[PDB]
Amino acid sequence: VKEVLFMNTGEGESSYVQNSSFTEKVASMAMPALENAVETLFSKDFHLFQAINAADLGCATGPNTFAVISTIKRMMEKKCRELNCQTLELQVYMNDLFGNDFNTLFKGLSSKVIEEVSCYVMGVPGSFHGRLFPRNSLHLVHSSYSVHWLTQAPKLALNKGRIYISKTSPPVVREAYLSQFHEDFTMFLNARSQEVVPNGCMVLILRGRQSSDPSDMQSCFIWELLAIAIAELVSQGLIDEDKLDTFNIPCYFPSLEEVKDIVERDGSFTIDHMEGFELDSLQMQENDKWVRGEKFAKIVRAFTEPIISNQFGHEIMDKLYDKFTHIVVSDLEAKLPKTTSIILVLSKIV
């Protein structure tokens, strides 16, 4: 399951790295959260000797992951100047599933090194649902749009005819995802529990929703639209529907209260600061519906192609996303509901 989850490898031509415009803005909207978090590590005083270990979980191949490395070093070098002490060292651990194209990210990481603080970038392949780093190895943890991806799909059963929680899917389809996120998030939080230094800090950003029920269009339109495009191909006979009935995507966008309660029960890290914000799903600067759709199709296909192609096949991929782009521009007039995101800042209690 984690053996086939990742984003478009390479390159970048219509891959993940080229189509990372939206997610870069989420980091931009949550950059101060990191900046404050770095300052707290300096207020801790204990982390000033001798080296500070930070890590980004779920870095893909895209240009977003060294954005935060830049802010961490910049902020660190700034407070390094106030302390008037050139001893600060920084080791950064970039984490993603094995299937990820590290060479593309490495080639990207190769350019930005090459200065008060030295920076050491290491790559850590593997799932973050288990333990990745030795005990008390991390002062700071950062994660953007990677937490919501589940360990496994929630569990002749059926979620007809969708790949996700919808208005057309009652009722354990909503409940399973809820308990499943609790299942996966707990592993994550608990695996971190032994990984982060006491009084450490944590900054998590994931895609969620403000609605009480996730079947609302704003919450689940990506999967609802994907579910339509695959279903229409079944009408054409290109794909068998019983595969669509069976396939549901291992991912989940939760509400803030659900997310809080998830962190509360496991009293490892107290919630320093939580917040929910909605960005315009796509820009929206183009008056051409095809332009808005294509830019949004290529970015949606970018982070969904490998996980979907596993179930439906490499070959038919091109036709599905073309049908998906079409119903966005023509059927939906290049207009989509807002996209909620959740800034989640924690600090280990032990």
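Heads up: residue numbers just count along the shown sequence, starting at 1.
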Residues with no coordinates between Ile114 and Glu115 in the deposited sequence, how many: none, 1 to 3, 4 to 9, or 10 or more?
4 to 9
Continuity check for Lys155 and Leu156, given as deposited residues lacking coordinates between them
4 to 9
Entry-level comparison of average CA B-factors, 163-171 and 179-187, reporting the higher stretch
163-171
Would you determine, from the values in the PDB entry, which of 100-108 and 229-237 has the greater average C-alpha temperature factor?
229-237
Take the CA temperature factors straight from the PDB entry and tell me which of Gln210, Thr151, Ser193, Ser143 peaks.
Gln210
According to the deposited entry, which of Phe312, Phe66, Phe46, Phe303 has the largest Cα B-factor?
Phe46
CA B-factor ranking of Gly123, expressed as a third of its chain
lowest
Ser70 by Cα B-factor - lowest, middle or highest third of the modelled chain
lowest
Test of reading the entry: by CA B factor among the chain's modelled residues, which third contains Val38?
middle
Among all modelled residues of this chain, ranked by Cα B factor, put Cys251 in the bottom, middle or top third, i.e. lowest, middle or highest.
lowest
Entry-reported Cα temperature factor of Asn95, expressed as the chain third it lands in:
lowest
